[PDB]
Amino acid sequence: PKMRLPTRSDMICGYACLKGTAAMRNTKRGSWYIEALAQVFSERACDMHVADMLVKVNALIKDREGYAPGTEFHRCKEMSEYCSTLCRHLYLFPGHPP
């Protein structure tokens, strides 16, 4: 009688947009989601776990709006989300050990 595992566990998936909607991309800066992900992860992986960094990404995305005058995208929005079956904090501990 040994401890067994569910078929799927310990995953975290970040989505750039919500079910049924379009994810936004800037022709020069790239995707809003990737841009935010890189900004948060580069600055905070040192002291914030991944699910909490994805919350910071959510905050950035919630606050951004589209720039595309003359199209259905001007001032448009999007919202990112993440789903998690993680069972512990996920710290990346960058640069440790030195």
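All residue numbers refer to positions in the sequence shown, first residue = 1. In this text, the rigid core denotes the largest set of C-alpha atoms whose superposition between the two forms falls within 1.5 Å.
**OP:** Using RMS Cα distance over all structures and residues, flag whichever of 66-74 and 25-33 lies farther from this form in 5 other deposited structures of this protein after a core fit.
**Re:** Per-stretch check in 5 other deposited structures of this protein: the more divergent one is 66-74.
Subject >> Higher-B stretch (mean Cα B-factor, as the entry records it), 42-50 or 62-70 >> reply: Comparing averages over the C-alpha atoms only gives 62-70.
Original post:
When the C-alpha temperature factors are averaged for each of 12-20 and 78-86, which stretch ends up with the higher value in the entry?
Top reply: On average, C-alpha B-factors are higher across 12-20.
Original post:
What third of its chain, lowest, middle or highest, does the C-alpha temperature factor of residue 92 fall into?
Top reply: Within its chain, residue 92 is a lowest-third residue by C-alpha B-factor, going by the deposited values.
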